[PDB]
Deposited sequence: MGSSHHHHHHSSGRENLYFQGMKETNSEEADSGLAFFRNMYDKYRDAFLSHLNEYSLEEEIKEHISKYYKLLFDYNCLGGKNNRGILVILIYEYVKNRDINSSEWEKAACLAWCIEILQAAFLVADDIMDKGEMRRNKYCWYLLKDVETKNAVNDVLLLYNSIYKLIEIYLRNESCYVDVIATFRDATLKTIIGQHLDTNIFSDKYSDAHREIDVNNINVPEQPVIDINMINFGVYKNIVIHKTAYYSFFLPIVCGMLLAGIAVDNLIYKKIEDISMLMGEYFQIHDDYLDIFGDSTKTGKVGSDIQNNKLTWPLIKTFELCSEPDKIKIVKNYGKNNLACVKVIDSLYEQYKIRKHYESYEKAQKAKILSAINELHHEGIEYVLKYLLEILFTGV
């Protein structure tokens, strides 16, 4: 039913913009543009984060029409957040396709300049929507703080993912250099699971798991002083890692060319001979067909099988963390979520 309510939240926000002191013709142009911005970018994903909110809310509470209206609001707000992350991420990473269609920023009628502005519109629409539907709820402030704090962590994780190999992170920033572009290179001191977990937990775990779970519980009426919140934070960290490692696995089976610190990169570096370390450093992070293939060949050489081995062990560690919650409703949801992560 979550998908049925999309139009309401979209139209609610667009109705706010329509109240502006603007000429009727100009209002028409913007409702056209912004309806598409939402539709193109909020619709078409697996909706795991949105569904997670709704499932957690239902399995803590055990629900009328207004209650679901607030739950579905927060669910779509996180999908709107994902949309904003998606648009921004594709600008930054100069992406080609997202969800089997052209990245928003690539479109002739959009371009990078609009996509930047649109990320901030999508991002700010979130808080207008929460205001519209949850202004008079007692959890109102805690909910917006949860979005804010999870977003800040995501920004920092995104920063680390972008810059972990950059010449600035190897051992001051030059405010006079606008002319000499730094060549993308690997930094071997950063190729380790400790650094990787830092990035992954901040970039993924907080907005993807912590935020949706907390929204559900917050709206349900679980007081923020409750000890479960810290347990859920710890579980969310484990799941975020699990999800991103799998995301890294799917990419190879544009991270190689984009010089990304991936789990496949770290595992390979851990497993490979010294000559192959030189081979990785020479061939990684380059937009060259021959270079990517060499990196592709090494992943095949050092066996795909190591991911499967990790996936089984991490899943077990999560189910153990889930079981110490001592909350049946959330436990089932988290066990169900864990099963349906990759499919949606």
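request  = Spell out the unmodelled ranges of the deposited sequence for me, N- to C-terminal, numbering from the first residue.
outcome  = Several regions go unmodelled: 1-35, 98-99, 209-211, 294-303, 354, 396.
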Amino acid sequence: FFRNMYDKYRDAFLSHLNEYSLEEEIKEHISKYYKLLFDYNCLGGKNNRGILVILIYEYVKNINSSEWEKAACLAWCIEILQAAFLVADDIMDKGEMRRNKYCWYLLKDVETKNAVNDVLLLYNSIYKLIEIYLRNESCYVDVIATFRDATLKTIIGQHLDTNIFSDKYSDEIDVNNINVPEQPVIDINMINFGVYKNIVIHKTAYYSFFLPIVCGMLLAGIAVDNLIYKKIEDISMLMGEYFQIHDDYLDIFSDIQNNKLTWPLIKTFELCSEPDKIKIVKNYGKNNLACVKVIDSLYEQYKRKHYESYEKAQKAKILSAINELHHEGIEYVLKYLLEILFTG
From here on, numbers count along this sequence of modelled residues.
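So that the term is clear: the rigid core is the largest set of C-alpha atoms that superpose within 1.5 Å between two forms.
message = Rigid core superposition, C-alpha RMS per stretch in 8 other deposited structures of this protein: which comes out larger, 173-181 or 226-234?
response = Per-stretch check in 8 other deposited structures of this protein: the more divergent one is 173-181.
task = With the rigid core held as the alignment frame, decide whether 151-159 or 86-94 lies farther from the shown form in 8 other deposited structures of this protein, in terms of RMS C-alpha distance.
result = This comes out as 86-94, the stretch further from the shown form in 8 other deposited structures of this protein.
task = Establish whether the other compared PDB entries of this protein leave residue 66 unmodelled at least a third of the time.
result = In none of the comparable entries (those modelling both sides of it) is residue 66 left without coordinates.
ask   = For the C-alpha atoms alone, is the average B factor greater in 310-318 or in 36-44, going by the entry?
value = Result of the comparison: 310-318.
message = Using only C-alpha atoms and the B-factors in the entry, which stretch averages higher, 181-189 or 115-123?
response = Stretch with the higher mean C-alpha B-factor: 181-189.
inquiry  = Among the choices 176, 163, 154, 146, identify the one whose CA B-factor in the record is greatest.
reply    = So the option with the highest C-alpha B-factor is 176.
query = Can you tell me which of 79, 225, 109, 90 has the highest Cα temperature factor in the record?
reply = The C-alpha B-factor peaks, among 79, 225, 109, 90, at 225.
inquiry  = Among the modelled residues of this chain, does the Cα B factor of residue 170 put it in the lowest, middle or highest third?
reply    = Within its chain, residue 170 is a highest-third residue by C-alpha B-factor, going by the deposited values.
task = Can you work out whether the C-alpha temperature factor of residue 14 puts it in the lowest, middle or highest third of the chain?
result = As the PDB entry reports it, the C-alpha B-factor of residue 14 lands in the lowest third of its chain.
request  = Rank-wise, by C-alpha B-factor, drop residue 26 into the lowest, middle or highest third of its chain.
outcome  = Residue 26: CA B-factor falls in the middle third of its chain.
query = residue 98: which third of its chain by C-alpha temperature factor?
reply = According to the entry, residue 98 has a C-alpha B-factor in the chain's lowest third.
key: residue 230, C-alpha B-factor rank within chain (lowest, middle or highest third)   = Residue 230: CA B-factor falls in the middle third of its chain.
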